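Next up is one chain by itself, shown in structure tokens, the form deposited in one PDB entry.
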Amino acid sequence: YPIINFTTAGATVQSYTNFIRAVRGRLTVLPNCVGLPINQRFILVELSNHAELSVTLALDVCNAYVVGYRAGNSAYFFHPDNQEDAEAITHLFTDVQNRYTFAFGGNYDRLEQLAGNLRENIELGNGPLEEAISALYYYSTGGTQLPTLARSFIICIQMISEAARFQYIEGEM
């Protein structure tokens, strides 16, 4: 799958905008993914911060949304909404040692609920993304609690998936 790199380290409006344009350019926004081969069904987005920590998000080309991610030797996947997606995601991060599928989905309503106690007033920006990348990475070694993970997913989804999605839709008027 195509790999799209972005770092928060020395990030500008231009570097971030080019990043989102790149993602948007790989989308084929369709109400549902079906007539699409699994060899081009996903976009991989490698995120890294100032701490040099790096995670790779798996984005569905049909809707731009995060279906799962990789952090070093571990891969995490949101509960697939159906059998097609259940086996589609098995083609992601195939060389990773540890694989886990959450029982919950990656939709906003679920994530908001899971962040519950914590995340009000979720601030977006380079700073938050930077911290979100670390949260994603440390989840794999027990350093990140579920509510923090949920908040971190929201940050990534709003700054990446939702940004690309919005630009695609304004792109087609």
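Residue numbers here begin at 1 and follow the sequence given.
One more form of this protein should be noted, the form solved in complex with a partner chain, which is absent from this view; the next part is about it.
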| query | finding |
| --- | --- |
| Contact test, all of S15, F19 and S48, partner the partner chain in the deposited bound form, heavy atom 4.5 Å | no |
| Option from 100 to 108, 129 to 137, 52 to 60, 23 to 31 whose residues, in the deposited bound form, bring a heavy atom within 4.5 Å of the partner chain | 100 to 108 |
| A88 within 4.5 Å of the partner chain in the deposited bound form, heavy atoms | no |
| Contact label in the deposited bound form: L146 to the partner chain, heavy atom within 4.5 Å | yes |
| 4.5 Å heavy atom contact, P80 and the partner chain in the deposited bound form | yes |
